[PDB]
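Asks: My questions all concern the structure below.
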Amino acid sequence: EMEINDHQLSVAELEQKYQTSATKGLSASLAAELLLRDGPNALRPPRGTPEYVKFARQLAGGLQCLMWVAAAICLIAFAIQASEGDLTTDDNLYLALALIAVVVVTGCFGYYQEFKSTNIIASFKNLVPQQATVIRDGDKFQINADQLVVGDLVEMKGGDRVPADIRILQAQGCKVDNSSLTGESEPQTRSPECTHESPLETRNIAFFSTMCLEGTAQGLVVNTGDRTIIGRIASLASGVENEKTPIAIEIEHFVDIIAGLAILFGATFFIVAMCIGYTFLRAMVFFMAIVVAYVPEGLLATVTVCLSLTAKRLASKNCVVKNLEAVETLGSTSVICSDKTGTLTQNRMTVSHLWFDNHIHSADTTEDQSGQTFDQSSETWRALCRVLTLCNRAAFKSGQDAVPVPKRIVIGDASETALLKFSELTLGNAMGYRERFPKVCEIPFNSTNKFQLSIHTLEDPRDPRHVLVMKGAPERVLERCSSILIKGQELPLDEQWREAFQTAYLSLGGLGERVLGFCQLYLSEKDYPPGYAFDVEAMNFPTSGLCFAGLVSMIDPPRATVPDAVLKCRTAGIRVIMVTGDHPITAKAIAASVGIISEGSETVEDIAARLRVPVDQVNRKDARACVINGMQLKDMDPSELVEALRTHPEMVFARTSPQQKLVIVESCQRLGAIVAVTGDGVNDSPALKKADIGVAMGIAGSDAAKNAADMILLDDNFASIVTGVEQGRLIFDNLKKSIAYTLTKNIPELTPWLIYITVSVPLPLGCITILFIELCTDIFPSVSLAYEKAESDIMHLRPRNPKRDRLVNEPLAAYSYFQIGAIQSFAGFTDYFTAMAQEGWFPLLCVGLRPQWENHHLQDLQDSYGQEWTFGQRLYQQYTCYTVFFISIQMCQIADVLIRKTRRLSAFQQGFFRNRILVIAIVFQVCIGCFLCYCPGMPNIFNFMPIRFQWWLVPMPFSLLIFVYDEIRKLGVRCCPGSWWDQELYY
Amino acid sequence: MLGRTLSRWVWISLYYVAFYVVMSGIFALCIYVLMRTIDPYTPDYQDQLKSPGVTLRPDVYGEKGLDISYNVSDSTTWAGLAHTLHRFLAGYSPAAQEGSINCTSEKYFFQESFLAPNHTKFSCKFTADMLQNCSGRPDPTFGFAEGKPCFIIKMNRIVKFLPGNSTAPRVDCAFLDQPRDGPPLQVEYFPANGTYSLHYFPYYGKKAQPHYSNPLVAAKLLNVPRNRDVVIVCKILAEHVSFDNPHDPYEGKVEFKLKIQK
Ligand SMILES: CCCCCCCC/C=C\CCCCCCCC(=O)OC[C@H](COP(=O)(O)OCC[N+](C)(C)C)OC(=O)CCCCCCC/C=C/CCCCCCCC
Ligand SMILES: CC(C)CCC[C@@H](C)[C@H]1CC[C@H]2[C@@H]3CC=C4C[C@@H](O)CC[C@]4(C)[C@H]3CC[C@]12C
Ligand SMILES: *[C@@H]1O[C@H](CO)[C@@H](O)[C@H](O)[C@H]1NC(C)=O
Ligand SMILES: *[C@@H]1O[C@H](CO)[C@@H](O)[C@H](O)[C@H]1NC(C)=O
Ligand SMILES: *[C@@H]1O[C@H](CO)[C@@H](O)[C@H](O)[C@H]1NC(C)=O
Ligand SMILES: *[C@@H]1O[C@H](CO)[C@@H](O)[C@H](O)[C@H]1NC(C)=O
Ligand SMILES: *[C@@H]1O[C@H](CO)[C@@H](O)[C@H](O)[C@H]1NC(C)=O
Ligand code: ALF
Ligand SMILES: [K+]
Ligand SMILES: [K+]
Ligand SMILES: [K+]
Ligand SMILES: [Mg+2]
C-alpha cells in the first residue's frame with residue numbers, strides 16, 4: 001500500500017482500484033468515509049519524552065546515587081541523634097542539605113549539557129501546503145490539503161506545492177523540482193507516461209510538499225499524510241534512537257569506575273570499623289564520610305563548563321552546536337559521509353570549461369573569483385564572448401550593483417543565469433553590451449527549434465550590417481554549421497575538424513558537464529534592410545551555413561575551501577565518503593575534483609576500459625575507487641555493502657534516497673566507527689539525525705536539515721569541519737588533563753578519614769572542608785586547563801580507537817590517585833603533625849587519642865607537656881588541623897595544576913605563563929584560601945582557623961617534589977619513546 | 001593475565017613499592033626533624049590556651065551537661081560521690097606528695113635553673129588536709145550526709161601561665177539565676193576565702209615538674225534549698241583569667257546543676 005506501484009497501472013485499473021473516476025472524481029460521502037477511515041492528509045508528530053522527565057533522569061547516575069545515599073545517611077544520623085537530645089550535631093543536617101544542593105546543581109548542569117534547541121517537527125510542518133484544488137462530483141472547489149483521501153482529483157496550478165502523492169492523469173507543460181527528495185533543484189517534467197520502473201524516477205508521479213514550478217496538471221491522489229514519500233522521510237527523521245555521544249559514553253565509563261571504587265572503599269572500611277569495635281551508627285557515618293571524601297563533587301560540572309568554553313570558542317569561528325556534547329564528537333570521528341549539492345558544491349551552475357581555438361580552456365569557478373583564469377587574448381575568444389553575451393534571455397534584478405556577481409539574483413534558467421554571470425565576470429557589463437546590440441529578430445527556446453537564435457544590429461552606427469547569433473545543443477549546432485573559427489579566421493569544416501569537435505564534446509561531457517554549442521553568422525544589409533519586418537512566424541530567418549564559435553560547458557562547481565578541507569580531513573585519518581542524490585557522472589567528477597577520489601585512483605569500469613576487458617574479469621581489489629548508484633545499492637545485501645566498503649577506500653554513492661543514505665550511515669556505524677554527516681537538505685535530515693555528529697550548512701541548509709543537525713556552519717566555509725576536528729581532539733586532551741587534576745585531590749581527603757578510623761588520631765579533615773575544596777577552591781584551576789594548547793600536531797594523528805582509547809583509563813587513574821595523591825596526603829599529614837606538635841600534642845600521644853579527645857565529659861585532658869585542655873579548646877585545635885590539611889592540599893594542587901598543563905612536553909617548553917587563565921585561576925585560588933583562613937567568624941561558621949605561616953610553608957617542599965617528579969617522568973617518556981617507562985608511566 | 005602479564009605485574013608492583021618506601025622515608029625524616037626542633041620543656045605556641053579551664057569533683061554528667069542529684073535520706077545515692085571524692089584526694093594524700101616541697105613564699109615561684117633531683121624544677125606541696133573540713137578526714141561523707149556537699153574546684157594548668165599577682169586567684173560560687181525572694185548562695189571556702197596560693201604558679205611542665213599538683217579549693221555549699229533544681233556557677237576571679245566565652249562553657253568557670261532530695 002505504502003509502496004507505490006500505481007505508475008505501472010493503467011487509468012482504468014487505477015479507477016477500479018481507488019473506486020474513483022478520472023473526470024468526475026469522488027462523491028462527498030465516500031470522500032468523508034475514506035477521510036474517517038484513513039485520517040487527515042497531515043504529518044502526525046511523534047511526541048518525545050518531556051523535559052521534566054529528562055531533568056529527573058539527570059538526577060540519577062553513579063555519583064548522583066552515591067550523593068543521595070550520603071545525604072540519606074546524614075539525615076538518618078541527625079534524626080537519631082536529635083531524638084537523644086544531642087542537638088550539637090547540626091553539622092549532619094547542614095551536610096545533608098549541601099549534598100542535596102550539589103545533586104540538584106549537578107543535575108542542572110547535566111540537563112544543560114544535553115539540551116537541544118531544535119524542533120524538527122515544525123520544519124516538516126511548514127513544508128505542507130494548506131490549499132488543494134479538488135474536483136468532487138464535479139463543481140471544482142478549493143479546500144484545505146488535510147481533507148484529501150487516497151484516490152481523488154486535484155489540479156496542479158503552477159506556483160503551488162503538491163498537496164499529496166499524486167499520479168498525473170493529464171499534464172500541460174507541468175514542471176516540478178524534487179528537491180526534498182533528491183537534493184537537486186533542477187526542474188523535472190511531469191507527464192502522464194510511465195518513463196521508469198521506479199516511482200521515484202517516473203514522470204507520472206508528483207510528490208507531497210514539492211513545488212510546481214510552472215504549468216498546469218491534473219492527477220489522482222495516491223498517498224496521503226505519513227504514507228507519502230515526504231511523510232516517510234519525516235517519520236524516519238523523527239523516529240531515530242537518541243544514541244549516546246562518545247563523550248557521554250566516556251563520562252559514563254569513568255563515572256562507573258569512580259562509583260565502583262567508592263563502593264569498594266566504603267564497604268571494606270565499614271566492615272573494618274565494625275570489626276575493630278564501633279557502633280553501626282558510627283560505621284554508617286564513616287561510610288558516608290568515606291563516600292563524600294572520595295567522590296568528586298564537582299567533576300561533572302567542570303566537564304560541562306569545559307564543554308561550554310569549547311562551544312564558545314567554536315562559535316567564535318562561525319560554528320554553532322545545538323548541544324554541548326557536539327563540541328567533541330567531530331574529533332575522534334573516523335568517517336565523514338558528505339552530501340554533494342550545496343554542501344561540497346555551491347548549488348549554482350557555473351561556466352567551467354570552454355572549447356575554442358582547438359584547445360580546451362578552464363574557467364575560474366570559485367565563488368570569490370580567486371582561482372586561475374584562462375587566456376582571453378584571442379579574436380576567436382572575443383567572437384565567442386560576443387555570441388554568448390548576445391544569446392542571453394536572462395533578466396537581472398535592479399539594485400544589485402553592490403552584490404557580488406556570483407551571488408546576484410537572476411531571473412532566468414540555470415544555464416542562462418550561468419552564461420550571463422560568466423559574461424558579467426569576463427566582459428565589463430553584460431546588460432550594457434546587450435543594450436548596444438539591439439536584436440531585430442529573436443527565436444526563443446520555446447519548442448521544435450532545439451536552439452536559441454537572434455539577429456542583432458552592430459553597435460557602430462556607421463555599419464548597417466546585422467550579426468546573427470545561435471546557441472543550442474552541440475550536435476544540432478554542428479549539423480547546421482559549415483565552418484569553424486580558428487585563430488580569428490573562418491576555416492571550412494572538414495573531417496579532421498569534425499572529429500576534433502566530437503572528441504572535445506565527448507571529453508567535456510564525460511566530466512558531468514552541460515555542454516552548449518555556440519555559433520554565429522555575419523549577415524548583410526543587402527539580404528535584409530535595417531527596417532525589415534523580422535516576423536518569427538514568417539520563417540524568413542535562413543538559419544543555414546553558420547560558423548562555429550566554440551563549446552561552453554557548465555557544472556555545479558565545488559566551493560573554494562572544499563578541496564583543501566577534504567585533503568586536511570584525509571590527512572587527519574578520516575575517511576570521506578560521498579553520498580549524493582545526483583547522477584553518477586557528475587558525482588564522480590565532483591568527487592575527483594574535491595579530492596574524495598585521489599589522482600591516479602581508478603574504478604573497476606576505468607580499469608576495464610583501459611585494459612579493453614569486460615568488467616567481470618577485472619579484479620575488484622585493483623580498483624581504489626568505486627561508484628555505486630541507488631539501484632545496485634538496493635539490490636545489494638548488507639554483507640555485500642560492507643564488503644564493498646572494506647574493498648574500496650574511496651567510495652561514492654550516487655542517486656541515493658534518504659533511506660539509502662540512512663542505510664549507508666548505519667552500515668558505517670555498525671563497524672564500530674564514529675560517523676559524521678554533512679548535508680543541507682530534507683533528504684539529508686534522516687542521515688543527519690542518525691549520525692553521531694550531524695553538520696548542516698547555514699545559508700544553503702534547509703530548515704529540516706538545520707533542525708536535524710546538531711552543528712550548523714554559519715558561513716558555509718566547510719573548513720569549519722577541520723576546525724571542529726582540531727578542537728574536538730584538543731578538548732579530549734584537555735579534558736583528560738582536567739579530570740586528572742580533579743581526581744588527584746580526592747586521595748588526600750580520603751586518607752585522613754581512613755587514618756582517623758584505623759589509628760584513632762583526632763580528626764584531621766572535615767566534610768565541610770572537603771566540600772569547600774571540591775566546590776569552591778579548585779573548580780576554576782581545573783576549568784582553566786581547557787585553554788591548553790596542543791603539545792603535538794594533532795591534525796596529523798589518526799582518530800582514536802573508541803574501544804581502546806578512553807577519556808579516563810587505568811594509567812591516568814593510577815598515576816593521579818596513587819603517585820600524586822600519596823604525596824599530597826604525606827604533605828597534609830606532615831603539616832598536621834607539625835601543627836599538633838607546636839601546640840603540645842606529640843605524634844605518639846596523638847596515636848589513639850581520639851576517644852579521649854572527643855569526650856565531652858573530659859575537660860582536663862593533658863597534652864605532652866602536662867597542660868590540661870577543655871573540650872572546646874581541643875575542638876579549636878581540631879579546626880586548626882582542618883585548616884592546616886586544607887592549606888597543604890591547596891599548595892599541592894597549585895603544583896598539580898602546574899604539572900597537568902602537559903602530558904608529554906615540559907613545562908619549560910610549553911611555557912609557564914602562556915595560559916593567562918591558568919595564572920588568574922591560581923591567584924584566585926590562593927586569594928580564596930587566604931580569605932577563608934583569615935576572615936573573622938570563620939572558626940565558628942566554617943571551622944577555618946587563622947594559621948601561622950610555617951604551616952603555609954611546610955607543604956611547599958612536597959609541592960616542589962611533585963613538580964620535579966612529574967618533570968622527570970615526562971623527560972624519561974620523551975627520551976625513551978618505546979620503553980617500559982613510556983609503556984607504564986605515561987597517561 | 002588480567003590487564004597485563006605476570007612479569008609486568010611484578011615490575012609495576014616493585015616500582016610502586018620503591019615509590020612508597022621512598023615517600024615513607026621522606027615522611028619519617030620530616031617527623032624526625034620536627035621532633036628535633038620541638039622544645040622538650042616549653043610548648044612553641046599556646047594559641048588555644050589563652051585562659052585555663054575549670055573542672056570540679058564529683059563530676060557526675062548528664063547528657064546536656066554537669067548534673068549532680070542525690071537524696072539525704074538514701075545512702076545509696078551518696079556512696080558514689082563520696083567514693084569519687086576519696087579516690088580523687090588519694091592523689092593528694094601526704095604520702096603521694098613526697099616529691100614536692102613545702103612552700104611559704106605566697107608569691108610567684110619563679111625558677112630559672114633545674115635544682116631539684118632528676119635535673120628538674122621544684123614543685124610545691126598541696127596536701128588534702130589543707131581542705132580542713134571538706135578534706136574528708138574528720139567527716140568521711142564530705143558534707144553530703146547533712147545536705148552541705150563539698151565540691152573540689154581546680155583550674156587547668158598551663159605552662160608559664162600567670163593569673164595575676166596583685167592578689168591570689170579566687171573561687172566565687174553563686175546561683176546562675178538569682179532568685180528574687182530566695183536568699184543568695186552561702187558558701188564556706190577551704191582554704192580561707194578559697195584562694196590558690198601564688199607559689200603554685202607558674203607551672204613549668206611535666207618534664208620540669210613531674211610531681212606538680214594542682215592546688216585545690218573546696219566549696220562547702222551551706223544554703224541550698226531541698227527538692228529544687230538549682231544551678232551553681234563557680235568562676236575564678238583572677239586578673240588574667242576570663243570566663244566570658246560563649247563557645248567554651250568551662251573556660252574560667254564551671255557550671256553544674258544540683259538537686260538535693262529529701
Ligand atoms: C599503602 C601504603 C601506606 C604507607 C603509609 C606510610 C607508613 C610509614 C609512615 C609512618 C610510619 C611511622 C614513621 C615514624 C617516623 C618517626 C621518625 C622519628 O624518629 O621520630 C621520633 C618520634 C619520637 O619522638 P619523641 O617522642 O622522643 O620526641 C620528644 C620531643 N623531644 C625530643 C623534643 C623531647 O617517633 C614518633 O613520633 C613515632 C610516631 C610517628 C607518627 C606516626 C603516626 C601514624 C600516622 C600515619 C599517617 C600517615 C599517612 C600516610 C598517607 C599515605 C597516603 C597514600
Ligand atoms: C607499598 C606497601 C606499603 C604495601 C604493598 C601492598 C601491595 C600489595 C599493593 C599496594 C599498592 C598496590 C598497587 C597500587 C596501584 C596499582 C596500579 C593499578 O593500575 C594496578 C594495581 C596496582 C599495581 C596495585 C597492586 C597492589 C599494590 C602493589
Ligand atoms: C529519699 O529516700 C527516702 C527513703 O529513705 C524516700 O522515702 C524519699 O522519697 C527519697 N526522696 C525523694 C523525695 O525521692
Ligand atoms: C628521680 O628523683 C626521684 C626523687 O625522689 C628519685 O626517687 C628517682 O630515683 C630519680 N630517678 C632518676 C632516674 O633519677
Ligand atoms: C568543719 O569542721 C570544723 C572543725 O570540726 C568546724 O569547726 C566547722 O564548723 C565545720 N564546718 C562546717 C560548716 O561543717
Ligand atoms: C608581680 O610580678 C611582677 C613581675 O612580673 C613584679 O614586678 C611585681 O612586684 C609583683 N607584684 C606583687 C604584688 O608581688
Ligand atoms: C581571707 O582569709 C583571711 C584569714 O586567713 C581573712 O583574714 C581575710 O579577711 C580574708 N579575705 C577576705 C577577702 O575575706
Ligand atoms: F543536496 Al543532495 F543528495 F546532493 F541532498
Ligand atoms: K571529594
Ligand atoms: K545526529
Ligand atoms: K546518533
Ligand atoms: Mg544538498
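Ordering of the C-alpha cells sets the chain letters (A, B, ...), residue numbers begin anew at 1 in every chain, and ligands are numbered from 1 in the order given.
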Looking only at the backbone, which of the residues in region 49-118 of chain A does DSSP tag as alpha helix (DSSP H), as a count of residues only?

Replies: 54

Asks: So which bits of region 99-279 of chain A end up strand (DSSP E) when you DSSP the backbone, as a ChimeraX atom specification?

Replies: /A:132-135,141-143,153-156,165-176,188-190,205-206,212-223

Asks: When the cut-off is 9 Å and we count only C-alpha atoms, which residues of chain A are near chain B, given as number ranges by chain?

Replies: A: 84-86, 818-819, 822-823, 826-827, 829-830, 833-834, 837-840, 842-843, 856-857, 859-860, 864-874, 876-877, 940, 984

Asks: Pick the closest to ligand 10 from A:679, A:488, A:799, A:584: which is it, counting only C-alpha atoms and all ligand atoms?

Replies: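 Among A:679, A:488, A:799, A:584, it is A:679 that comes nearest to ligand 10.
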
Asks: Give the residues close to ligand 5, within 7 Å, counting only C-alpha atoms and all ligand atoms; write them as a list in words.

Replies: residues 132, 133 and 188 of chain B

Asks: Given the choices B:229, B:98, B:239, B:74, which gets closest to residue 176 (chain B) if the distance is worked out from only C-alpha atoms?

Replies: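 Ranking B:229, B:98, B:239, B:74 by distance to residue 176 (chain B), first place goes to B:229.
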
Asks: Pick out the residues sitting within 10 Å of region 197-207 of chain A, and hand them over as an mmCIF file with N, CA and C atoms, in the first residue's frame; count only C-alpha atoms, and ignore anything fewer than 4 positions along from it in its own chain.

Replies:
```
data_model
loop_
_atom_site.group_PDB
_atom_site.id
_atom_site.type_symbol
_atom_site.label_atom_id
_atom_site.label_comp_id
_atom_site.auth_asym_id
_atom_site.auth_seq_id
_atom_site.Cartn_x
_atom_site.Cartn_y
_atom_site.Cartn_z
ATOM 1 N N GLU A 3 4.098 1.364 -0.606
ATOM 2 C CA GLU A 3 4.955 1.302 -1.783
ATOM 3 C C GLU A 3 4.129 1.578 -3.033
ATOM 4 N N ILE A 4 4.565 2.549 -3.829
ATOM 5 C CA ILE A 4 3.796 2.995 -4.985
ATOM 6 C C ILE A 4 4.069 2.070 -6.164
ATOM 7 N N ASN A 5 3.011 1.440 -6.675
ATOM 8 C CA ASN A 5 3.054 0.727 -7.945
ATOM 9 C C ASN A 5 2.012 1.263 -8.916
ATOM 10 N N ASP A 6 1.398 2.405 -8.601
ATOM 11 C CA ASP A 6 0.316 2.944 -9.413
ATOM 12 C C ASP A 6 0.810 3.606 -10.691
ATOM 13 N N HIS A 7 2.101 3.928 -10.779
ATOM 14 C CA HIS A 7 2.643 4.426 -12.037
ATOM 15 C C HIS A 7 2.671 3.346 -13.110
ATOM 16 N N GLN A 8 2.650 2.073 -12.717
ATOM 17 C CA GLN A 8 2.686 0.959 -13.653
ATOM 18 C C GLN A 8 1.302 0.470 -14.063
ATOM 19 N N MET A 156 -3.162 20.883 -10.603
ATOM 20 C CA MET A 156 -1.796 21.334 -10.332
ATOM 21 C C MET A 156 -1.610 22.738 -10.898
ATOM 22 N N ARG A 161 2.545 24.165 -3.994
ATOM 23 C CA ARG A 161 3.085 22.871 -3.610
ATOM 24 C C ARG A 161 2.084 21.760 -3.902
ATOM 25 N N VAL A 162 2.611 20.587 -4.222
ATOM 26 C CA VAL A 162 1.759 19.417 -4.461
ATOM 27 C C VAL A 162 1.179 18.944 -3.131
ATOM 28 N N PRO A 163 -0.147 18.828 -3.001
ATOM 29 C CA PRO A 163 -0.746 18.555 -1.687
ATOM 30 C C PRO A 163 -0.777 17.090 -1.282
ATOM 31 N N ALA A 164 -0.346 16.169 -2.139
ATOM 32 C CA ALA A 164 -0.284 14.756 -1.786
ATOM 33 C C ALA A 164 0.565 14.041 -2.825
ATOM 34 N N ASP A 165 0.827 12.761 -2.570
ATOM 35 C CA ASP A 165 1.435 11.902 -3.580
ATOM 36 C C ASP A 165 0.405 11.648 -4.670
ATOM 37 N N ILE A 166 0.682 12.137 -5.875
ATOM 38 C CA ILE A 166 -0.317 12.240 -6.928
ATOM 39 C C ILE A 166 0.221 11.590 -8.194
ATOM 40 N N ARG A 167 -0.595 10.742 -8.816
ATOM 41 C CA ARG A 167 -0.275 10.161 -10.113
ATOM 42 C C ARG A 167 -0.918 11.013 -11.201
ATOM 43 N N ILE A 168 -0.092 11.567 -12.086
ATOM 44 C CA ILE A 168 -0.568 12.531 -13.072
ATOM 45 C C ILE A 168 -1.427 11.820 -14.111
ATOM 46 N N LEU A 169 -2.632 12.343 -14.337
ATOM 47 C CA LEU A 169 -3.523 11.845 -15.377
ATOM 48 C C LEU A 169 -3.391 12.654 -16.663
ATOM 49 N N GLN A 170 -3.369 13.979 -16.548
ATOM 50 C CA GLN A 170 -3.130 14.869 -17.676
ATOM 51 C C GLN A 170 -2.247 16.018 -17.216
ATOM 52 N N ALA A 171 -1.270 16.383 -18.043
ATOM 53 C CA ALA A 171 -0.354 17.472 -17.739
ATOM 54 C C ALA A 171 -0.141 18.320 -18.982
ATOM 55 N N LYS A 175 6.004 21.327 -14.669
ATOM 56 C CA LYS A 175 7.388 21.126 -14.258
ATOM 57 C C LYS A 175 7.486 21.339 -12.757
ATOM 58 N N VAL A 176 8.158 20.415 -12.071
ATOM 59 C CA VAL A 176 8.350 20.475 -10.629
ATOM 60 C C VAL A 176 9.832 20.298 -10.328
ATOM 61 N N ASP A 177 10.195 20.557 -9.076
ATOM 62 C CA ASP A 177 11.521 20.239 -8.568
ATOM 63 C C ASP A 177 11.383 19.314 -7.367
ATOM 64 N N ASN A 178 12.033 18.158 -7.443
ATOM 65 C CA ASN A 178 12.007 17.173 -6.364
ATOM 66 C C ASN A 178 13.188 17.364 -5.420
ATOM 67 N N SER A 180 13.199 18.165 -2.148
ATOM 68 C CA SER A 180 13.037 17.495 -0.863
ATOM 69 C C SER A 180 13.345 16.006 -0.945
ATOM 70 N N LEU A 181 13.369 15.438 -2.147
ATOM 71 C CA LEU A 181 13.642 14.022 -2.356
ATOM 72 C C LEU A 181 15.062 13.735 -2.813
ATOM 73 N N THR A 182 15.648 14.598 -3.645
ATOM 74 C CA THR A 182 16.945 14.314 -4.243
ATOM 75 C C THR A 182 18.052 15.273 -3.831
ATOM 76 N N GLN A 188 11.888 19.265 -13.182
ATOM 77 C CA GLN A 188 11.566 17.941 -13.696
ATOM 78 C C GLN A 188 10.234 17.991 -14.429
ATOM 79 N N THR A 189 10.211 17.457 -15.647
ATOM 80 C CA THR A 189 8.984 17.420 -16.431
ATOM 81 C C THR A 189 8.049 16.341 -15.898
ATOM 82 N N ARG A 190 6.771 16.682 -15.761
ATOM 83 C CA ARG A 190 5.749 15.750 -15.304
ATOM 84 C C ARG A 190 4.763 15.508 -16.439
ATOM 85 N N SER A 191 4.593 14.244 -16.812
ATOM 86 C CA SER A 191 3.732 13.837 -17.910
ATOM 87 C C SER A 191 3.041 12.536 -17.537
ATOM 88 N N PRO A 192 1.861 12.251 -18.122
ATOM 89 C CA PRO A 192 1.138 11.008 -17.822
ATOM 90 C C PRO A 192 1.705 9.781 -18.536
ATOM 91 N N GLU A 193 3.023 9.611 -18.456
ATOM 92 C CA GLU A 193 3.715 8.495 -19.087
ATOM 93 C C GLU A 193 4.659 7.857 -18.080
ATOM 94 N N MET A 211 7.363 21.823 -4.886
ATOM 95 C CA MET A 211 6.909 22.989 -5.631
ATOM 96 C C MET A 211 6.639 22.633 -7.086
ATOM 97 N N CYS A 212 5.479 23.051 -7.585
ATOM 98 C CA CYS A 212 5.181 23.007 -9.012
ATOM 99 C C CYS A 212 5.663 24.318 -9.623
ATOM 100 N N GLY A 219 -4.278 15.240 -11.548
ATOM 101 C CA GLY A 219 -3.787 13.958 -11.080
ATOM 102 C C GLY A 219 -4.717 13.324 -10.074
ATOM 103 N N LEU A 220 -4.355 12.106 -9.686
ATOM 104 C CA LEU A 220 -5.156 11.279 -8.799
ATOM 105 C C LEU A 220 -4.345 11.005 -7.541
ATOM 106 N N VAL A 221 -4.942 11.265 -6.377
ATOM 107 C CA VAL A 221 -4.211 11.151 -5.119
ATOM 108 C C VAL A 221 -3.876 9.690 -4.854
ATOM 109 N N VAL A 222 -2.607 9.422 -4.554
ATOM 110 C CA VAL A 222 -2.113 8.060 -4.389
ATOM 111 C C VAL A 222 -1.859 7.769 -2.915
ATOM 112 N N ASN A 223 -1.194 8.693 -2.225
ATOM 113 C CA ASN A 223 -0.903 8.551 -0.807
ATOM 114 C C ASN A 223 -1.134 9.879 -0.102
ATOM 115 N N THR A 228 2.985 9.230 2.475
ATOM 116 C CA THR A 228 3.683 9.834 1.352
ATOM 117 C C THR A 228 5.194 9.663 1.505
ATOM 118 N N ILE A 229 5.923 9.994 0.437
ATOM 119 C CA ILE A 229 7.382 9.923 0.482
ATOM 120 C C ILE A 229 7.927 10.890 1.526
ATOM 121 N N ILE A 230 7.434 12.130 1.515
ATOM 122 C CA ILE A 230 7.892 13.106 2.498
ATOM 123 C C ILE A 230 7.411 12.736 3.895
ATOM 124 N N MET A 631 20.230 1.833 -7.565
ATOM 125 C CA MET A 631 19.725 0.531 -7.990
ATOM 126 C C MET A 631 20.588 -0.598 -7.438
ATOM 127 N N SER A 657 18.458 7.497 -2.232
ATOM 128 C CA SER A 657 17.328 8.030 -1.494
ATOM 129 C C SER A 657 17.746 8.374 -0.063
#
```

Asks: With only C-alpha atoms and all ligand atoms as the atoms that count, which of A:810, A:891, A:935, A:348 lies nearest to ligand 2?

Replies: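 Looking only at the distances to ligand 2, the closest residue turns out to be A:810.
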
Asks: Show me which residues are within 9 Å of ligand 4 counting only C-alpha atoms and all ligand atoms, and format the list as a JSON list (two decimals) with C-alpha atoms, in the first residue's frame.

Replies:
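Written out: pocket.json:
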```json
[["chain", "number", "residue", "atom", "x", "y", "z"],
["B", 98, "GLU", "CA", 56.84, 13.29, 98.79],
["B", 99, "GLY", "CA", 58.36, 14.66, 95.59],
["B", 116, "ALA", "CA", 65.57, 19.57, 92.02],
["B", 117, "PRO", "CA", 66.51, 15.89, 91.57],
["B", 118, "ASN", "CA", 66.35, 14.29, 88.12],
["B", 119, "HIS", "CA", 67.56, 17.69, 86.83],
["B", 120, "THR", "CA", 64.08, 19.11, 87.37]]
```

Asks: So the first atom is CA of residue 334 (chain A) and the second is CA of residue 574 (chain A); what is the distance between them in Å, to one decimal place?

Replies: 4.6 Å

Asks: Once you count only C-alpha atoms and all ligand atoms, which residues end up within 6 Å of ligand 8, and could you hand them over as a ChimeraX atom specification?

Replies: /A:182-184,339-342,580-582,681,683-684

Asks: Would you list the contacts of residue 931 (chain A) as a list in words, taking every protein, DNA or RNA residue within 10 Å and counting only C-alpha atoms, but skipping same-chain residues closer than 6 positions in sequence?

Replies: residues 925, 938, 944 and 946 of chain A

Asks: Any idea what's packed within 12 Å of region 75-81 of chain B, counting only C-alpha atoms, ignoring anything in its chain fewer than 6 positions away? Could you give it as a list in words?

Replies: residues 56, 57, 58, 59, 60, 61, 68, 69, 87, 88, 140, 141, 142, 143, 144, 145, 146, 147, 149, 150, 151, 152, 259, 260, 261 and 262 of chain B

Asks: Convert the current residue selection to file output with C-alpha atoms, as a PDB file, in the first residue's frame.

Replies:
```pdb
ATOM      1  CA  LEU B  56      35.143  20.171  89.763  1.00  0.00           C
ATOM      2  CA  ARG B  57      34.732  16.928  91.699  1.00  0.00           C
ATOM      3  CA  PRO B  58      32.491  14.957  91.857  1.00  0.00           C
ATOM      4  CA  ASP B  59      31.650  15.228  88.149  1.00  0.00           C
ATOM      5  CA  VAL B  60      28.504  13.191  87.507  1.00  0.00           C
ATOM      6  CA  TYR B  61      27.479  14.129  83.968  1.00  0.00           C
ATOM      7  CA  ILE B  68      24.514  16.191  90.424  1.00  0.00           C
ATOM      8  CA  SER B  69      21.494  14.721  92.219  1.00  0.00           C
ATOM      9  CA  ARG B  87      39.759   8.459  95.095  1.00  0.00           C
ATOM     10  CA  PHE B  88      40.465  11.982  93.843  1.00  0.00           C
ATOM     11  CA  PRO B 140      34.031  10.934 105.543  1.00  0.00           C
ATOM     12  CA  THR B 141      30.683  11.849 103.952  1.00  0.00           C
ATOM     13  CA  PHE B 142      32.234  15.078 102.572  1.00  0.00           C
ATOM     14  CA  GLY B 143      29.183  17.001 103.794  1.00  0.00           C
ATOM     15  CA  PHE B 144      26.737  15.076 101.595  1.00  0.00           C
ATOM     16  CA  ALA B 145      25.085  13.386 104.595  1.00  0.00           C
ATOM     17  CA  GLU B 146      23.975  16.673 106.201  1.00  0.00           C
ATOM     18  CA  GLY B 147      22.949  18.343 102.939  1.00  0.00           C
ATOM     19  CA  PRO B 149      28.074  18.959  99.988  1.00  0.00           C
ATOM     20  CA  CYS B 150      31.723  19.797  99.366  1.00  0.00           C
ATOM     21  CA  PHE B 151      32.867  20.417  95.786  1.00  0.00           C
ATOM     22  CA  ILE B 152      36.565  20.465  94.903  1.00  0.00           C
ATOM     23  CA  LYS B 259      19.301  18.716  93.285  1.00  0.00           C
ATOM     24  CA  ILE B 260      19.181  17.617  96.930  1.00  0.00           C
ATOM     25  CA  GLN B 261      16.164  15.382  97.502  1.00  0.00           C
ATOM     26  CA  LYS B 262      14.607  14.814 100.918  1.00  0.00           C
TER      27      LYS B 262
END
```

Asks: Show me which residues are within 7 Å of ligand 9 counting only C-alpha atoms and all ligand atoms, and format the list as an MDAnalysis selection string.

Replies: chainID A and resid 292:297 746 749 770:771 774

Asks: Could you pull out the residues sitting within 6 Å of ligand 10, using only C-alpha atoms and all ligand atoms, and write them as a PyMOL selection string?

Replies: chain A and resi 688-694+709

Asks: Those residues you just picked out, can you put them in a file as a compact mmCIF listing (two decimals), in the first residue's frame with C-alpha atoms?

Replies:
```
# COMPACT_ATOMS: atom_id res chain seq x y z
CA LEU A 688 21.86 13.90 9.97
CA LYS A 689 19.68 12.59 12.80
CA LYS A 690 21.29 9.15 12.75
CA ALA A 691 24.91 10.32 12.57
CA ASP A 692 26.94 10.71 15.75
CA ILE A 693 27.62 14.30 14.68
CA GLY A 694 25.31 15.98 12.18
CA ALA A 709 21.68 18.67 12.66
```
